[PDB]
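Colleague: Fold the following for me, if possible:
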Amino acid sequence: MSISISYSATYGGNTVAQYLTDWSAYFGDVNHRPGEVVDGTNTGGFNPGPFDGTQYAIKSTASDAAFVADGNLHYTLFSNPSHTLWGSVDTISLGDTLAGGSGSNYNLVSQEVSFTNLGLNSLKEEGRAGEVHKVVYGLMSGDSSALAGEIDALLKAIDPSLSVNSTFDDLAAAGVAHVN
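Modeller: Numbers count the residues shown, from 1 in each chain. Shown next is the structure:
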């Protein structure tokens with residue numbers, strides 16, 4: 001199952017890289033680092049949690065921007081390698097207005113773009129250098145480049161003419177992307 005993309009018609013003429021760069025700037029950097037972790041401000045959360053789930057989700061400390069990662073995710077906390085998110089990410093959904101997550105699934109009230117069949121997978125022993133950790137931490141720290149790089153590779157695996165510099169409408173014509 002190759003990467004599949006859903007997008008709001010709004011973004012049809014945007015490139016995937018343009019959308020990711022803009023969304024990351026709107027979201028900002030939650031500053032989840034030693035000495036700066038503020039529960040309920042920059043922790044986000046898991047479903048079901050508390051440290052593991054089929055989803056991890058977080059909203060901006062300032063804007064309405066949010067994302068949801070779907071897969072099977074595990075946070076090591078103090079277990080070596082400490083502060084590592086690992087497991088699998090199948091889907092990343094970007095947009096604004098995070099809802100749910102505590103007895104029900106996290107969802108975006110305004111889902112803008114969703115990338116599924118991502119096939120992201122990393123073991124605990126890879127630590128913070130694992131592709132799951134890099135991709136998801138980048139999205140909450142103001143750097144969408146790890147996710148853009150992974151999407152670029154997945155698109156080129158469908159056809160070398162496709163890239164993150166393709167527009168959503170281009171990927172729609174190629175059968176990879178679909179409106180809504």
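Colleague: Report the buried residues of stretch 107-125.
Modeller: 107-108, 111-116, 118-122 (16 or more other Cβ atoms under 10 Å). Any C-beta I mention is one placed from the backbone N, CA and C, and that applies to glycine too.
Colleague: Can you find which helix in the chain contains the most residues?
Modeller: helix 145-158 (DSSP state H).
Colleague: and that helix, what does it pack onto?
Modeller: If you count contacts as 3 or more Cβ pairs under 8 Å, 6 or more residues apart in numbering; DSSP states H and E, helix 145-158 packs onto helix 16-27, helix 131-140.
Colleague: any chance of those in JSON lines, plus mean neighbour count and distance to residue 40?
Modeller: Shown next, in JSON lines, are these (neighbours: other Cβ atoms under 10 Å; distance: least, Cβ to Cβ, whole Å):
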{"stretch": "helix 16-27", "mean neighbour count": "20", "distance to residue 40": "17"}
{"stretch": "helix 131-140", "mean neighbour count": "22", "distance to residue 40": "15"}
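Colleague: one step back: contact partners of the longest helix of the chain?
Modeller: 2-3, 16-17, 20-21, 92, 115, 117-120, 131, 134-135, 137-139, 162-164, 166, 171, 174, 176 (Cβ atoms under 8 Å, 6 or more residues apart in numbering).
Colleague: What are the buried residues along it?
Modeller: With burial defined by 16+ other Cβ under 10 Å, the residues of helix 145-158 counted as buried are 146-152, 154-155.
Colleague: May I ask you to name the longest strand in the chain?
Modeller: strand 85-99 (DSSP state E).
Colleague: Could you export it as CSV, CA atoms only?
Modeller: The C-alpha trace of strand 85-99 is given here as CSV (Å, rounded to 0.1, in the frame of the first residue of the first chain):
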residue,chain,number,x,y,z
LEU,A,85,9.1,8.0,20.8
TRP,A,86,9.2,4.7,18.8
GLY,A,87,6.9,2.2,17.2
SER,A,88,5.0,2.8,13.9
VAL,A,89,3.3,5.8,12.3
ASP,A,90,0.8,4.9,9.5
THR,A,91,-1.0,8.3,9.3
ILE,A,92,-0.2,12.0,10.0
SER,A,93,-3.1,14.5,9.9
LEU,A,94,-2.4,18.2,9.9
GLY,A,95,-4.8,21.2,10.5
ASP,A,96,-6.3,23.0,13.4
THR,A,97,-8.7,22.7,16.4
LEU,A,98,-7.7,19.4,18.1
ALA,A,99,-10.7,17.5,19.7
